[PDB]
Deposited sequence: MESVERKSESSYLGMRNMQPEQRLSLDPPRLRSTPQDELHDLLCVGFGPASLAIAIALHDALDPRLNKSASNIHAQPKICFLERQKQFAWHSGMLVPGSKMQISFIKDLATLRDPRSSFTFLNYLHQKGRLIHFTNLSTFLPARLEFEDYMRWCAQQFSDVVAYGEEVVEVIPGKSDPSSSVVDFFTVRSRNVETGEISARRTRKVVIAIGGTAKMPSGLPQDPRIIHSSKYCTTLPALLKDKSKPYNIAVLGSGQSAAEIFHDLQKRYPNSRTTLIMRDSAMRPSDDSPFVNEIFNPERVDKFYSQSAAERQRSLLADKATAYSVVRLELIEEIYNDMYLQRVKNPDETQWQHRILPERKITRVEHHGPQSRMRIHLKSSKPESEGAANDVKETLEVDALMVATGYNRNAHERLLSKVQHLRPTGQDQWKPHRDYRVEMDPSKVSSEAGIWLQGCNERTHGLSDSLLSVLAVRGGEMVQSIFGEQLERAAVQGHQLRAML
């Protein structure tokens, strides 16, 4: 329909970069997009291109591909794509992507605000490919190291970012004034579960479970631990994927509970509300996160809850005896022990009540969420630049971490993205404010240059 906008120019890796971004998921992608738009005279009247590079450990752009369950839907309006809430005229809107694919009229006839996760990933992939010249894939960042252009001074004014090539194992280094860490989360596992190849986090569902359970027709016993959106999607999907299997949903809560996207509550995810949340005290922020927990954690989309309920009711129609059901839910349970050294294909899972019985399974899917602390390890050698006494990174409103002013130049800095819920609200790890935040980040990072 139209031509794609001009590509960003790559930078030789031996040159000092203006910005180096760790990760090229949605959060980094939104920053690339906002930078493109900011450098677009059509979009910004005022609009040399900044020297920028993105390091991504995956071999190409992918969005949670381990959980790309068939049928899985976005839990957010497509209007909250990577550009529209910042500038609906952007070439990087979902609607413009659809138009470019010749699909916009057909999507309109769906009357849905919620694309398949598959389609939304391809949207983001389609955006991502327009930045290929400035993204280095298959590069896993392993550390950020402070640098001094004047080694005999006591002022840091750049950082060296070292990454391991995931194919060759070789170590590269790139130097930059500013670093963004946007690396999402790491799998959270209950500390009571032993390491076993049959015990698999939800994040590796689509990738590593079919490797373990190769025959989709075989009568497997498969359990799912958890009662959030991932637990539900996996529990529901196993029933299609392995149709002769016996599945068990194990949860410490009494029920799957619906996610709250009711319109007054949902305004906590508005981009303008980040100022409001950020400015509250630590205590009020903690109470606020708790009060709105049903919008984000340990909750399932009502539609999916209802579909699973109907499936269970259909089992009840066929057999009033719940102990005989092919697919069962076991609420208010916790796993107290996992026998997993026996000769059998199966582990023995021992269960008790979760208030203050055994299953034998071929695999246990563990849908217990994510931690967002992995940036700490990347930043270990830059900790000493923090103000005296700090043992945590303190991100400012504009997401730049606080550093000792007498140790670090004002031209140099490190920003965090996607790990700042404590300071910036429940929207921080989601897609909800990426469009606007990208804009804010470009302004924060490239502000002098673009003025």
| item | value |
| --- | --- |
| Ranges missing from the model, given as deposited sequence positions | 1-23, 71-74, 384-393, 489-501 |
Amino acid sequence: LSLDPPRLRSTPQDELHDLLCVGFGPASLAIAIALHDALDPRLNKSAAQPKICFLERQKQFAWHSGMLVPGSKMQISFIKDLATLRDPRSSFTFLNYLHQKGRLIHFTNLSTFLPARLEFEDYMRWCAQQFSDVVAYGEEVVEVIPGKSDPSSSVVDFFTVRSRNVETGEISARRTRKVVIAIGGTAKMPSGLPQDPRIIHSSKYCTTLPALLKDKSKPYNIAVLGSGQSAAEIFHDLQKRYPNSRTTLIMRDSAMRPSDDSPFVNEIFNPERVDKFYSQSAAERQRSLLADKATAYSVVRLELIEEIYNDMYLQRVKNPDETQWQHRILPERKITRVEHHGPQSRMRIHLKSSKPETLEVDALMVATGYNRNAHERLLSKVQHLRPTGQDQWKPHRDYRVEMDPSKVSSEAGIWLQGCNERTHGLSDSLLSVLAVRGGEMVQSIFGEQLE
From here on, numbers count along this sequence of modelled residues.
query: Mean temperature factor over C-alpha atoms, higher-scoring stretch between 165-173 and 270-278; finding: 165-173
query: Of 309-317 and 366-374, the one with larger mean CA B-factor; finding: 366-374
query: Residue selected from 256, 211, 330, 304 by maximal Cα B factor; finding: 211
query: Of the residues 416, 47, 32, 53, the one carrying the largest Cα B-factor as recorded; finding: 47
query: Lowest, middle or highest third - CA B-factor, residue 393; finding: highest
query: Position of residue 428 among the chain's modelled residues by C-alpha B-factor, lowest, middle or highest third; finding: middle
query: Ranked C-alpha temperature factor of residue 151 among modelled chain residues, by third; finding: highest
query: Among modelled residues of the same chain, the CA temperature factor third for residue 341; finding: highest
query: Chain third (lowest, middle, highest) by recorded CA B-factor, residue given as residue 92; finding: lowest
